[PDB]
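[1] quick one, fold the following:
(chains A, B, C, D, E, F, G, H, I, J, K and L, ligands or ions: 4)
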Amino acid sequence: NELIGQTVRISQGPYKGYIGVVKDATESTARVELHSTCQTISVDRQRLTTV
Amino acid sequence: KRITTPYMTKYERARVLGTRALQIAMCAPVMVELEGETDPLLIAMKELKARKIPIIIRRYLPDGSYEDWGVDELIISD
Amino acid sequence: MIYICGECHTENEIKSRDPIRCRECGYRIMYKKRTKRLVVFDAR
Amino acid sequence: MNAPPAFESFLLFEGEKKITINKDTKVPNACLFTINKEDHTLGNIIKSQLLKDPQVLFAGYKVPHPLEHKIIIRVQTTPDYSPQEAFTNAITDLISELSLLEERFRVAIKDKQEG
Amino acid sequence: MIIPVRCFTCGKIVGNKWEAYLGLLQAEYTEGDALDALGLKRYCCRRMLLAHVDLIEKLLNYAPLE
Amino acid sequence: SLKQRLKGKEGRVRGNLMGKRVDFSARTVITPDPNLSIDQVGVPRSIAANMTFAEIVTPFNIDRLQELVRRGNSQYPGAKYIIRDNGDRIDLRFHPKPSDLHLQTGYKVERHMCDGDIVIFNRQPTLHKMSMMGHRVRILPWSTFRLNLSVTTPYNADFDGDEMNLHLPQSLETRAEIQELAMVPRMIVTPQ
Amino acid sequence: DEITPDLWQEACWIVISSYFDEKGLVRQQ
Amino acid sequence: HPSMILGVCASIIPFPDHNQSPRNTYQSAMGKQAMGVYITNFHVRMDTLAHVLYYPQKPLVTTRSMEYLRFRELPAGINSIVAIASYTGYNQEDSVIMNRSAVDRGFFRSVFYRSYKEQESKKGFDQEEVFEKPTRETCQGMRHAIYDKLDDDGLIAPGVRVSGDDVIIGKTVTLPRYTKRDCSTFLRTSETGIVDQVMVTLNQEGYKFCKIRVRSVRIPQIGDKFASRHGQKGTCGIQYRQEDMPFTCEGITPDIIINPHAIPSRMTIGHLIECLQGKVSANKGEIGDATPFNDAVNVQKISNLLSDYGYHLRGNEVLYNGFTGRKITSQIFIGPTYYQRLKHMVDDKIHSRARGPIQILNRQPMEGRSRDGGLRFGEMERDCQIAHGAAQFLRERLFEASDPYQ
Amino acid sequence: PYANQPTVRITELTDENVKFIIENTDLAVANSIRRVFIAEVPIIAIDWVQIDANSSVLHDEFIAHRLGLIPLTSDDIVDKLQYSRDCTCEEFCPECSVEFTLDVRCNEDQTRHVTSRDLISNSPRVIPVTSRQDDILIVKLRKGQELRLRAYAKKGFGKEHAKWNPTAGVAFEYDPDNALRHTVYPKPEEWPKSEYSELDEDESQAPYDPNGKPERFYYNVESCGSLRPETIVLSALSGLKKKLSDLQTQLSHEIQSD
Amino acid sequence: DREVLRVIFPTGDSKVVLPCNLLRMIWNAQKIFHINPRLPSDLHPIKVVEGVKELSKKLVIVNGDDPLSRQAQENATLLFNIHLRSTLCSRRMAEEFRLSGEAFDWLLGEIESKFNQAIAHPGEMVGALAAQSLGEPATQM
Amino acid sequence: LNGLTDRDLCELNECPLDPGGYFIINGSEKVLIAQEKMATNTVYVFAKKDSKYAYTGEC
RNA sequence: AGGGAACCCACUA
Ligand SMILES: [Mg+2]
Ligand SMILES: [Zn+2]
Ligand SMILES: [Zn+2]
Ligand SMILES: [Zn+2]
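    Numbers count the residues shown, from 1 in each chain, chains lettered A, B, ... in the order given. Ligands and ions are numbered 1, 2, ... in the order given. Shown next is the structure:
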């Protein structure tokens, strides 16, 4: 699972434009702590862009 | 010959409902016709209102002896 | 690794397992520079 | 830590349904319109425009909890009229009123800007 | 530390009025007359300038790290 | 010494047998909520997504608990463990291999605490038996326990910084006896 | 001559200002 | 002057001779917990805990003794438009309704600073501790965390975010297929923020010594404690936006709505006089004088001044309902009052346990929220559960949910 | 068939506020208009700050928070701009956001005032309002301190965050003479008359009208600068009409899918 | 019964604590059965006398038929039976309360049910109840 | 920091408003809380209650 | 997928 620890950008959905580092990932869901806010949200992996 | 109260005490009600709910959650045969019911507590309450819980309450007198009251024999307050 | 001296503000090349001190003034309090990662805030 | 995002005031999440009708059987000819992601802004105008209708016997809205974003409107009508029809008519009258208000406001802005 | 951009209560812009307020105060205006000349009518915006403590002037007295 | 270990309020008997630290307990600040019923407590989502109730799998709830297992510990209305009959705990926070997510009748799923769950809710000092009553969980956004305003008189509570404790009953038997003995409506009139 | 009752409220705070100008607030330490 | 009988924390109370004296005592206790700018060189200090308010304001209603406490220079609080009204029931029993729009505009926003330190102390020629980034193939006992936030020196950099299971200092102790053990420093659990400043130095013992300052911005939320300068403390009960708030005819929504019932049993009349004097001060442009024993200031003079500004002389205003737009039948006392944000936040206090660490001796759950400990179901709780008759709940609290054993 | 026929009088129209009177409408309609002024009129505001460098005395969230509150000229652009949650671009495109950059270093020996003039947009019509008076100070820089950042300004409305509130103060008033007794004065003579009171100085309240309901509503919509105040009112009426239209479409679907 | 009351309460204080609020129950019976107090009643006084007698026979605290248990039963329900005969007096049921026959039958059944609900439940930890009941007002003093 | 101006204190990254009066002990700022005691060398006469002594004059 | 104890002090309700 290469997604964990990578800085990621949310590209679809209401959180579009939020940046963060993935904490734990599945094949369809990641736990992304948001850089912008003080939360770790759950986001579908189709809405994520690595950078 | 049974000198204890004919009413079910609130402690008896709580423990009969808990025990029966756990039994139903362990797939005991339900005694009543549940209608879309899933939560074992509501099934135990519906069995208790129908006076169908297959449980005997053994009330201990302070002298050491006991009295066996079936749940269907006690008057159901709540 | 790059550290900033506390009092003379000069950039310092500091390796690992060497004592902390400035090349210029010898002052022993060093500060790390800001990260180069993408830092993004919602303006809220 | 437990802060809801600011967009759940107004955004339906996937699978949430904007408005549901529930014909409550407690009294004849009444419905419960549960509108999601709305607040007092629409609840109050819909309630008052329903109260202008003479065939509406009851009209009230509520926010069940201010930390949730959900409006429950309860409309009861005379039996020769339905709460769904009352709700649609109330929204049409509100839309026509706001259209008239917008046009008269544009006319008044154009009159005062010129003089 | 620094002047807020908006009045907390209403949201009127007061972040452009601090240096103008201080210039009026240096010009022997009373504080109420300086707030009147800046167009702060509601008492919510007047307490933004009236009660502001410019602490960033004190924090600029320390030399920067880099 | 051993005597010093056994004596006092901090010793073994009074400090570790009569009273002790417990699992499945929560504590945060209490804030008012006039919109809750007197037997509801508003619980933050982080407290509820951390506190779990072990629900025994039946044919009645095979599908609901299967969905809860599928959601996992990340999504809030989800689960944290599967306990098989033999007693091992499948941790659902490691998103394990999909053979583990199988649910048989007799398994226990440690699902997250959800709406309608029965909790004991308590304010110290616990002076009388209405200082510790039962409440139905309602999940509300922010980070405080939320109470009705009529309920603050038995708890002797206000909202100037009070914190109250939430114990989650872990069995069906104890949840049932809190429901039938210690709920707030049953505690309305005191015998005192 | 002496401080009138109308000047007293400013005289007393002038002398308190002078006191705190020298002594400060941690003078005992 | 007779107001020199008060100390530092009671000299900030406006009109303390109009307050019931336990309330002055409580404000002397709570002015020390108020958040402001505690010192001007706070960017240099690596204090373990620091709380800096974004926008501290000096009070609009002042005592003359706060010119010597330097409260005008380092103030702790914000002048809030405060309505004393019963609105929707969320300010009952010492609570506060806040304006969400004001809070969005920076009202009582503050930044929290936590500092962490580690010594890279060599203890003999056997156990050596190193600041370095651990790797799985070399270090034993890594805590399954994210370790690539660290730089090459084992220290994190300023600007990086961290959550409660992130490592900020990488410390490895050499072990006498694993050469060394991980003894790294993580953040506090259920915490978050930005790394603000990493300072590297050497202590007296000559060992490498780091201090890392992590900053987190604390926006006011429900359950955050706010107090006025009159012992009137209370958590935030709810936050309404500006269009939900009640408003005056000129569109002034209160920043804070406090309960009327907080006043009569406490008799903080200085609070109401400070609201009235603050309305006069904000309209006039003065800073009001609230020095305790003053005959030049009484309530009637403040009232006549206030009525000179087109207001009701007693400080009431006709508020309109924010939801329906209708005039409220009662006229609401509203005016600028100095509120303090206290250091007691709810995100520093929320704690839950399900199952976690247990004490080594008695195998019961640990002590305190900082180590994921449980809550003591104490003796009085045992006694109450006895009085309930709940024998099985008592059994699972004192046997099953603490330390079951065979 | 029971719609109101509301008339409008503008009494004052400046570049910073519009003062108007609405007759012959209901109190709920008037209050919802006043609420949509504050909460549902979309403007452009900064909601995405990348800070490449920040040597100032204020931390990065402080700067970003101040940048979000700077008003940007939203006239005629916000209507054709997309919500970024609706836009199909990956990150940010000119159809949903406006890119701002700031790059200030202080090398002069005196304090540099980083104002909103230093915010430079790529769009020539979404600029800071104060740049289009004095400029809004973001930070003061000491010698050697610098602030370099990239900001994106997306479309949003004030129900989400108050930085998308277009209004400074929405004054609202009905029945200035208290002829409906919606407020009951304990002593009516202690109360100053309104700006719109028609009573002479002798009389304190109007006589109680038992048949009256609120019919005439006085507004003073001050604008923080993003939109012109008449654009605030027209956008609010359009937005309220659009909310009602969307609700009616969803309700039509739910009625025909019973 | 009056002389026994004079012995028990020698200060003449009539306020007692008893299970069934008989006056409110009579008021409930008046409202349920729409008892007009301006009309003659259909309730025979001997029905009142016999109904109170047979109601007192089933308000049982001590269970038994030997003289020890029936004496303990007469002691345990002494004030409640004195109050029940004073309140459901045949003169007061005709002159004052004016209940009908069905209202009186309902009243008897409701007194019996409320009394049997008031009896203490075995298992009840009344010592801890008493300790907390005397303990938390001590925090007030 | 004795006798330094505000500019000299700001050069040393010290706060000019800081009052002092504390000690830096291992990087911790330590304040000595003043302790009260009976005054020495003064004759105090008390009544010891429920004791064999009616009066007691200590110094 | 979790290697501290003890004491002191301050604080909360
Ligand atoms: Mg309290
Ligand atoms: Zn150097
Ligand atoms: Zn304002
Ligand atoms: Zn786009």
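[2] ramachandran coordinates for the residue lying closest to residue B:15 once chain neighbours are set aside?
    Leaving aside its chain neighbours, residue B:15 sits nearest to residue F:177 (6.5 Å; criterion: C-beta to C-beta, 6 or more residues apart in numbering or on different chains). For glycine as for every other residue, the C-beta is placed from the backbone atoms N, C-alpha and C. Here is the backbone geometry of residue F:177 (degrees, to the nearest 10): phi -80, psi -30.
[3] count of residues packed around residue I:24?
    Neighbour count of residue I:24, defined by other C-beta atoms under 10 Å in any protein chain shown: 13.
[4] report how many residues lie close to the spatially closest residue to it that is not a sequence neighbour.
    Distances taken as C-beta to C-beta, 6+ apart put residue I:6 closest to residue I:24, at 5.0 Å, once the chain neighbours are dropped. Per other C-beta under 10 Å, the neighbour tally for residue I:6 reads 21.
[5] helices of chain F, residue ranges please.
    Ranges of helices in chain F, per DSSP state H, are F:2-6, F:12-16, F:45-48, F:62-71, F:152-155, F:172-181.
[6] give me the beta-bridge partners of the nearest residue to residue I:216 once chain neighbours are set aside?
    Closest residue to residue I:216 apart from its sequence neighbours, by C-beta to C-beta, 6+ apart: residue I:23 at 4.9 Å. Applying DSSP bridges to residue I:23 gives these bridge partners: residue I:7, residue I:216.
[7] whatever residue of chain G ends up closest to RNA strand L: what secondary structure?
    In chain G, the residue that lies nearest RNA strand L is residue G:29 (17.1 Å; C-beta to the nearest atom of the strand). Counting by DSSP: H, G, I helix; E, B strand; the rest coil, the backbone at residue G:29 sits in coil.
[8] residue I:80: which of the helices of chain F is closest?
    Nearest of the helices of chain F to residue I:80, taken as C-beta to C-beta: helix F:45-48 at 38.2 Å.
[9] now for the residue nearest to residue I:24: which residues touch it?
    By C-beta atoms under 8 Å, 6 or more residues apart in numbering or on different chains, the contact list for residue I:6 reads D:97, D:100, D:101, D:104, I:22, I:23, I:24, I:25, I:29.
[10] and it, how far from residue E:47?
    37 Å (C-beta to C-beta, to the nearest Å).
[11] near chain F at all, the top helix by length along chain J?
    When chain J is parsed with DSSP H, its longest helix is helix J:101-118. No. Judged by C-beta under 8 Å from any C-beta of the partner chain, helix J:101-118 stays clear of chain F, getting no closer than 11.1 Å.
[12] touching chain H at all, whichever helix or strand comes after that helix?
    Per DSSP states H and E, the first helix or strand lying C-terminal to helix J:101-118 is helix J:126-140. Yes. For helix J:126-140 and chain H, the contact criterion (C-beta under 8 Å from any C-beta) is met by J:128, J:129, J:131, J:132.
[13] picking up where we left off before, as JSON lines, the helices of chain F with mean neighbour count and distance to residue C:6 would be great.
    Shown next, in JSON lines, are the helices of chain F (neighbours: other C-beta atoms under 10 Å in any protein chain shown; distance: least, C-beta to C-beta, whole Å):
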{"stretch": "helix F:2-6", "mean neighbour count": "10", "distance to residue C:6": "50"}
{"stretch": "helix F:12-16", "mean neighbour count": "17", "distance to residue C:6": "49"}
{"stretch": "helix F:45-48", "mean neighbour count": "22", "distance to residue C:6": "40"}
{"stretch": "helix F:62-71", "mean neighbour count": "17", "distance to residue C:6": "51"}
{"stretch": "helix F:152-155", "mean neighbour count": "17", "distance to residue C:6": "53"}
{"stretch": "helix F:172-181", "mean neighbour count": "25", "distance to residue C:6": "60"}
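[14] turn the ones you listed into CSV, including distance to ligand 3.
    As requested, the helices of chain F are exported to CSV (distance: least, C-beta to the ion, whole Å):
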stretch, distance to ligand 3
helix F:2-6, 64
helix F:12-16, 56
helix F:45-48, 35
helix F:62-71, 46
helix F:152-155, 35
helix F:172-181, 51
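[15] those: which one's closest to residue I:123?
    helix F:45-48 (39.5 Å).
[16] contacting residues for whichever residue of the stretch 51-200 of chain I sits closest to chain C?
    Residue of the stretch 51-200 of chain I nearest chain C, by C-beta to the nearest C-beta: residue I:68 (3.0 Å). Contacts for residue I:68 (C-beta under 8 Å, 6+ apart) come out as C:42, C:43, C:44, I:45, I:46, I:47, I:49, I:161, I:163.
[17] of all those, which two lie farthest apart?
    I:49 and I:161 (13.6 Å).
[18] neighbours around the residue of chain G closest to RNA strand L, how many?
    Counted with other C-beta under 10 Å, the neighbours of residue G:29 add up to 13.
[19] before we move on, what about residue I:105?
    Residue I:105: 16 neighbours (other C-beta under 10 Å).
[20] please apply the same query to residue D:23.
    Residue D:23: 13 neighbours (other C-beta under 10 Å).
[21] checking the closest residue to it other than its chain neighbours next. Helix, strand or coil?
    Sequence neighbours aside, residue D:31 is the residue nearest to residue D:23 in space, at 5.5 Å (criterion: C-beta to C-beta, 6+ apart). Classification of residue D:31 using three-state DSSP returns strand.
[22] what's the local residue count around residue D:31?
    20.
[23] swap in residue E:2?
    For residue E:2, using other C-beta under 10 Å, the count is 25.
[24] give me the distance between it and residue H:204.
    As defined by C-beta to C-beta, residue E:2 lies at a distance of 39 Å from residue H:204.
[25] residue I:235 should be in a strand, yeah?
    No. Residue I:235 sits outside any strand when classified using three-state DSSP, being helix.
[26] residues contacting it?
    Applying C-beta under 8 Å, 6+ apart, the residues near residue I:235 are I:41, I:42, I:79, I:227.
[27] again, 7 Å this time
    The neighbours of residue I:235, taking C-beta atoms under 7 Å, 6 or more residues apart in numbering or on different chains as the test, are I:41, I:227.
[28] the one 10 residues further on now?
    Applying C-beta under 7 Å, 6+ apart, we find residue I:245 in contact with residue D:95.
[29] go through the helix or strand hosting it and flag the buried ones.
    Residue I:245 belongs to helix I:229-256 when assigned by DSSP H and E. Residues of helix I:229-256 classed as buried: I:229-241, I:243-244, I:247-248, I:250-251, I:254 (neighbour count, 16 or more other C-beta atoms under 10 Å in any protein chain shown).
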